[PDB]
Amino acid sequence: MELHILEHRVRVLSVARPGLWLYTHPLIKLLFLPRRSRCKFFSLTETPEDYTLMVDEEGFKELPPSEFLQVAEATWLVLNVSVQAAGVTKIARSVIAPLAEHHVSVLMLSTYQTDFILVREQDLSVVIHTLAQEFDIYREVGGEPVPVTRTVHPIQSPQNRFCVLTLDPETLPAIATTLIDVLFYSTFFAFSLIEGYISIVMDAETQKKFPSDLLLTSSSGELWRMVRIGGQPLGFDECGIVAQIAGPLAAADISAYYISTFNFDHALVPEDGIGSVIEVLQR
């Protein structure tokens, strides 16, 4: 029905782990102090390779250049589609496969609340032409929608069990010192704060570290297994990577959250279905 080009203009960055200390001051601001910046799109993911940041242009300005900070080419726009499978599965045929077929490279950010599909600004007219025959397409300007006018990659699954959680923004101060400890002083951990909504992906072991009654989910105890996608770093030009994972999962009707980082892709699937997901993906 409806595809929205959100008001965000996003840069994609990698912070090398030995340099994270240098970015503590701006990241604490972007995580916890909304009155100190105009950033409305913030996503931070920790991997064994780096910290990946996706931030809008205003949040980007808070990050000083250094030898520890890599910035992917291009400014990325954020797409969002308006009972269904969780995560990317419900947009695999309608968004992911058509963009791959038309050679538009994407970055995925599934969150607790919704699925963001990032595309480079240069591809906007192809995105519109490709998706207009299923969606009425709108651009968000001033908070309101305006109608638009004129290779097989290796996979692996570590044993970690993951939680997909949200948080009432009014309680973010109450978890701040634990979140700080986990991110800066302590492997996959994702935190995003986008248009005021918080989404967190966290190891079941890491969840034990937080105060008991603050992290929220509509499915208590629902755990996910991660499928890491890619052997060498994936870059930002190769298309069809999400599609070769999300396509088979949609055909099997298996829910999957999907998160791109700077170097790799990650699908989160129901923990009890990890065997059937691996089988499906090896076909």
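Rigid core (definition): largest C-alpha set, two forms, superposition within 1.5 Å. The first residue of the sequence shown is number 1, and the count goes up from there.
Per-stretch RMS Cα distance to the displayed form in 4 other deposited structures of this protein, following rigid core alignment, is highest for 208-216 when 70-78 and 208-216 are compared. The stretch that moves more in 4 other deposited structures of this protein, judged by CA deviation after a rigid core superposition and choosing between 90-98 and 187-195, is 90-98. For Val146, the fraction of other compared entries lacking coordinates, among those that model flanking residues, is zero, nowhere near a third. Omission of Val83 is seen in a third or more of the other entries compared for this protein where the adjacent residues are built. Coordinates are lacking for 10 or more deposited residues between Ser186 and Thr187. Missing deposited residues between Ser82 and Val83: 4 to 9, all without coordinates in the entry. When the C-alpha B-factors of 198-206 and 134-142 are averaged, 134-142 comes out higher.
Once the C-alpha B-factors are averaged per stretch, 154-162 and 174-182 rank with 154-162 first. By the numbers in the PDB entry, the CA B factor is greatest at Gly221 among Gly240, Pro34, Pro26, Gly221. Annotation for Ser125: C-alpha temperature factor in the middle third relative to the rest of the modelled chain, per the entry. In the deposited entry, the Cα temperature factor of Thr149 places it in the highest third of its chain's modelled residues. When the CA B factors of the chain's modelled residues are split into thirds, the value for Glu49 lands in the highest one. Placement of the Cα temperature factor of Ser43 within the chain: lowest third of the modelled residues, per the deposited record. Sort the modelled residues of the chain by CA B factor and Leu3 lands in the middle third.
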